[PDB]
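Protein chains in written order, with full-length UniProt numbering: chain U, 299 to 338, 350 to 716; chain X, 299 to 338, 348 to 718. The C-beta atom is built at its ideal place from N, Cα and C for all residues, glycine as well. Just below is one structure, and these are the notes that go with it.
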Amino acid sequence: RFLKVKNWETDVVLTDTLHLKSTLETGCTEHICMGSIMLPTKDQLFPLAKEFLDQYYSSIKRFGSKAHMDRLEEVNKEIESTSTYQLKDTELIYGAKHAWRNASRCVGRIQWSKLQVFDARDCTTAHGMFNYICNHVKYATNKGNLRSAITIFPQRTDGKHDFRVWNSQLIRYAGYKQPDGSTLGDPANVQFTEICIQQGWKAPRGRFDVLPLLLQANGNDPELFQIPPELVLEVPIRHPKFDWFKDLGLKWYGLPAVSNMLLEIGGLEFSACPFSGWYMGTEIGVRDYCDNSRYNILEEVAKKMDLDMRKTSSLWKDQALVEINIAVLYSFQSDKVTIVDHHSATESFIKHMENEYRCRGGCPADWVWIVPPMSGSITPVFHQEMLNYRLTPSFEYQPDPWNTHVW
Amino acid sequence: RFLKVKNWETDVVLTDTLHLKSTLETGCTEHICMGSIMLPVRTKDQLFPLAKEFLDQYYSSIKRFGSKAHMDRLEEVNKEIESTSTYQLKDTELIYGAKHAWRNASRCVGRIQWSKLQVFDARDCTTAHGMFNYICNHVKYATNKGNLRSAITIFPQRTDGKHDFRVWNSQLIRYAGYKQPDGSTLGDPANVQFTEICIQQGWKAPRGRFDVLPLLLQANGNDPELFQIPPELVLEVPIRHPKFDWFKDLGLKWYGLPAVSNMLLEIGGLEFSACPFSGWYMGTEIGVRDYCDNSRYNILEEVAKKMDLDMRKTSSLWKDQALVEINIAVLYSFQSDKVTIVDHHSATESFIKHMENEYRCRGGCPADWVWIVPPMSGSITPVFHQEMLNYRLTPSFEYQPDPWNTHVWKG
Ligand code: HEM
Ligand code: HEM
Ligand SMILES: CN(C)Cc1ccc(OCc2ccc3ccc(N)nc3c2)cc1
Ligand SMILES: CN(C)Cc1ccc(OCc2ccc3ccc(N)nc3c2)cc1
Ligand SMILES: C[C@H](O)[C@H](O)[C@H]1CNc2nc(N)[nH]c(=O)c2N1
Ligand SMILES: C[C@H](O)[C@H](O)[C@H]1CNc2nc(N)[nH]c(=O)c2N1
Ligand SMILES: [Zn+2]
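Pasting the structure below:
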């Protein structure tokens, strides 16, 4: 009931009690673990609100105070009346920061309280959303000195007036099905690169074409918008030794800005809430270049290294994967763009873990996602036991808009 | 209830029905996941249903469920239990059990080989010296001059828990580790505590960086005794690198036979507390864990020095780079000497095939993602994007407290 977790590299033991607060469910049972599965009314709303407000006023050392009680009373009232309710800005911010704080899959959470919240709740149109998004992108980029941000569009009402960013990230590279058979650009984004044209995009049919924003406001049809290029900071990728690297014709964008998630605070459902921070190197280089179902350029890279690509036992894929990731980090640090290496980020996380166990009594963590996709066992998190559980406020997955939209 | 797993690299979807045959607990609940927790005297009361369960599986597998052979066997076992408070497995049953225990080992990426396991029945053993004999023949048989064969040796089951057979070594073959007065460690840091016990038990330690440890064996609950595996029986491979000639000079070598000996085999309620088993190495086990883990030989840095890497900023990925070269060297040294070894890409590929085959033919395949995924280059092996249900089946291999923590010293 008061669980412990052992780091095996260091024998350190943390005790977890925060999990007892856990409110939502995992997908696991006593009989089956699903830790490696990707995605396992006025009456429900009020308990949701109270729980949130209780933790909020507790966090400001005014638990049980007049303001607290009155606020709980005030919200309770508006709920009975309007069937929903609205969050004070302070609550909105506390909420946002805490959904990140509780994002069990996120290795970067040590930064969780330095989040810039943009209240875009007054928005009414796709054009408006576009204006708010450009503003976010510009702010977060900060000439390469990246800052974390989130922009929150009006909460769901009755599932009809839904605000949604159809892009999965604000900034992503187009991907096209070749008549040749293969795939040009980014394969992840193929179906999306279609929907854009299916909705009227004029694709430059290149490789690194920045996808257009497809914003949907108040449940209406979604509209296309193009991000001003001067707002899209990119880094041409080059190796600090292999000068044939730049020849490979590679660059990547500096701003990772996830847009398809649902943010939940005190029962309210912000279905558009694009947020961003900065890349861990391996997100672009292990994942965005070298996944089979992505840029898949490993073969060509090692080809250019004249490595024995005949048998797997030469570990050519590994050697190459390492150089590519060295290049990514090298180019970003060169162009004065924020990035963190996977050793540094995992180190920061262990500290953040220790910090949360100390000041908060625990920290939910999803080992399968926290461990970098390369060099796993030489990062400190590998040997770190982690408890996974779901807390509120949270970020949740949500169905792709094109599977839901009533046109 | 059906459950689906999806491979996100290939969109292949599989459907698990097997998880319904799962009894044992996971550690998990609906409000917490212990999926990354390393570790999450039995009466006639709870024995017979465990036995029936086993025998039922056993007779289904031989397509004789409900046969008179099956029913008499149940009866035979029943009566042997209520009379003797335990029972004995037939040879057929012991073999099936050991194989299935491996097959159910949800953390083992090597399971494709599960049906080809040589089972040595050492249930007639009575002394440590007898144990040394059995173990010696295991090692010789499994080693097969570098052409490794999977094998397990099974010592008598636990009776009253006061007469346990145990192998105190964690693996049959392992290098000593010595903590020095200055704080440094000579040999394998992973083995220091055991090395100490060994020394206290009268072992005369060479105190070299690569001393094969003695077997510390326990029979019928007696105090353990020391035995030196004859060196001609211990196959080793010196570690060199194919392009780096300075590598051999790091003075490295590893033993060829991985043979885990501290686990506990459970079959039909019976507990086999001494059941050393062996297969062959995946390269990363030696290369990534056995040299490069910060709590191991940690030649990561020296390899890095010799490569003249940029060890200043970690964002040079010098650690990553050295790690790769060390694993190249491990695989290369082994293949050159015709000692069986598998690389992580090969092993994971194999596993996916095995797993898919198991879903189709068995209705699932319990698998621990945290352990199946290799400790380097995770996402460029096919298991990384493979969803996996994890659950416990019997027969199984279980952890068990170190015997030095529980053992009652005769003297
Ligand atoms: C500032 C530096 C940050 C770093 C280095 C970082 C790092 C990461 C990494 C490496 C992942 C794994 C994702 C993958 O492999 O595809 C991840 C996931 C995640 N991040 Fe963070 N992040 C940062 C900022 C943020 C911010 C500002 C938020 C939101 C406020 C956030 C929320 C999340 C969430 C919810 C996930 C899980 C996504 C999922 O479940 O699929 N992160 N992060
Ligand atoms: C024949 C080639 C084999 C290969 C390549 C192989 C590979 C592996 C690897 C790489 C691990 C993870 C080890 C670690 O990182 O600590 C593992 C775990 C395991 N293996 Fe296999 N193995 C083989 C044979 C066997 C055999 C013969 C058995 C038993 C009869 C077995 C039973 C297990 C068990 C029970 C685990 C989980 C250990 C634990 O729970 O801590 N394996 N295997
Ligand atoms: C499995 N993938 C192919 C699909 C997938 C796509 C985006 C995903 O979002 C992850 C995510 C979320 C927030 C982040 C914030 C900062 C950062 N550097 N990476 C971040 C990464 C997760 C999964
Ligand atoms: C943290 N460690 C001390 C615990 C630990 C060490 C080795 C372990 O080995 C498991 C294991 C079992 C059987 C194997 C068979 C073959 C093989 N190549 N590796 C195998 C590896 C398990 C746990
Ligand atoms: C904390 C974590 O559960 C633990 O360190 C595990 C992680 N995965 C592993 N995977 C393998 N193959 N071997 C291990 O020893 C471990 N250790
Ligand atoms: C099968 C597994 O659940 C899936 O591939 C996960 C594994 N771990 C991951 N880890 C991170 N950081 N990001 C991911 O997308 C995934 N994918
Ligand atoms: Zn679980």
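> Just reading off the alpha helix (DSSP H) that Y448 (chain X) is part of, what are its end residues?
Replying inline: In the DSSP assignment, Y448 (chain X) falls within the alpha helix (DSSP H) that extends over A435 to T450.
> Which of the residues in the stretch 592-614 of chain X, read from start to end, lie with their CB under 8 Å from any CB of chain U?
Replying inline: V595, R596, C599, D600, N601, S602 and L607
> Given a threshold of 16 other Cβ atoms within 10 Å of its Cβ, counted over all protein chains shown, does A408 (chain U) qualify as buried or as exposed?
Replying inline: In this structure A408 (chain U) is buried. Its beta-carbon is surrounded by 16 or more other beta-carbon atoms within 10 angstroms.
> Is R414 (chain U) near ligand 1, judged by its Cβ being under 8 Å from some heavy atom?
Replying inline: yes
> For the beta strand (DSSP E) that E543 (chain U) lies in, which residues bound it at each end?
Replying inline: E543 to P545
> Does DSSP put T621 (chain U) in a helix, a strand or coil?
Replying inline: helix
>> Using 9 Å as the threshold, is the C-beta distance between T647 (chain U) and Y598 (chain U) below it?
In response: no
>> So for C331 (chain U), helix, strand or coil by DSSP?
In response: DSSP, reduced to helix, strand and coil, places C331 (chain U) within a strand of the structure shown.
> Does the count of Cβ pairs from the stretch 677-696 of chain X and the stretch 431-442 of chain X closer than 8 Å reach three?
Replying inline: no
> So which residues on chain X does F691 (chain U) lean against when the C-beta distance must stay under 8 Å?
Replying inline: The answer, in chain order, is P682.
> Can you tell me whether DSSP reads residue 346 (chain X) as helix, strand or coil?
Replying inline: Coordinates for residue 346 (chain X) are lacking, as chain X steps from 338 to 348 with nothing built in between.
> From what residue to what residue does the alpha helix (DSSP H) around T502 (chain U) run?
Replying inline: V499 to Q507
>> Given this structure, state the Cα-to-Cα distance separating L493 (chain X) from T308 (chain U), to the nearest angstrom.
In response: The C-alpha of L493 (chain X) lies about 19 Å from the C-alpha of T308 (chain U).
>> Between the alpha carbons of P537 (chain U) and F517 (chain U), how many angstroms are there, rounded?
In response: Using only the alpha carbons, I get a separation of about 15 Å.
>> Less than 9 Å between the beta carbons of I335 (chain X) and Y698 (chain U), yes or no?
In response: no
> Taking Cβ-Cβ distances shorter than 7 Å, what residues in chain X pair up with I687 (chain U)?
Replying inline: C599, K626 and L630
>> Cβ closer than 7 Å: which chain X residues qualify as neighbours of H548 (chain U)?
In response: Chain X residues near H548 (chain U): none, gap ~12 Å exceeds 7 Å.
> With a cut-off of 9 Å, does the C-beta of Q642 (chain U) fall near any C-beta of chain X?
Replying inline: Interface residue, yes.
> Which same chain residues, not among the five before or five after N411 (chain X), have their C-beta less than 6 Å away from its C-beta?
Replying inline: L700 and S703
>> Within 9 Å of any Cβ in chain U, is that where the Cβ of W711 (chain X) sits?
In response: By the rule that beta-carbons nearer than 9 Å mark a contact, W711 (chain X) does not touch chain U.
>> Please give the ranges of any alpha helix (DSSP H) in the stretch 472-498 of chain U, keeping only runs that are unbroken, at least 4 residues long and fully inside the region.
In response: none
> Per DSSP, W561 (chain U) is paired with what?
Replying inline: Beta-bridge pairing links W561 (chain U) to U:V544.
> Which residues in chain X sit within 8 Å of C326 (chain U), going by Cβ to Cβ distance?
Replying inline: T324, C326, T327, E328, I330, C331 and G333
> Is it the case that the Cβ atoms of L381 (chain U) and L401 (chain U) are separated by a distance below 9 Å?
Replying inline: no
> For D495 (chain X), which of X:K613, X:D489, X:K406 and X:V519 has the nearest alpha-carbon?
Replying inline: X:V519
> Between the C-alpha atoms of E532 (chain X) and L524 (chain X), what's the straight-line distance to the nearest angstrom?
Replying inline: 5 Å
>> Between X:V595, X:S491 and X:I633, which has its C-alpha nearest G685 (chain X)'s C-alpha?
In response: X:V595
>> So with CB distances below 8 Å, who are the chain U contacts of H317 (chain X)?
In response: Near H317 (chain X) (Cβ distances below 8 Å), the residues of chain U are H329 and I330.
> Quick one: what's got a C-beta closer than 7 Å to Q693 (chain X)'s C-beta in the same chain, skipping five residues either side?
Replying inline: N305 and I659
>> Check whether the stretch 662-677 of chain X and the stretch 373-391 of chain X touch, using three or more Cβ-Cβ pairs below 8 Å as the test.
In response: no
>> Going by DSSP, what residue range makes up the beta strand (DSSP E) through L301 (chain U)?
In response: Segment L301 to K304, the beta strand (DSSP E) holding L301 (chain U).
> Measuring from the CB of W306 (chain U), is there a heavy atom of ligand 4 at a distance below 8 Å?
Replying inline: yes
> So, does the CB of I506 (chain X) fall closer than 9 Å to a CB anywhere in chain U?
Replying inline: no
> Within 10 angstroms of its Cβ, does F300 (chain U) collect 16 or more other Cβ (buried), or is it exposed?
Replying inline: exposed
> So what does DSSP say about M336 (chain X), is it helix, strand or coil?
Replying inline: coil
> Can we say the stretch 501-509 of chain X touches the stretch 411-426 of chain X, given the rule of at least three CB pairs closer than 8 Å?
Replying inline: no
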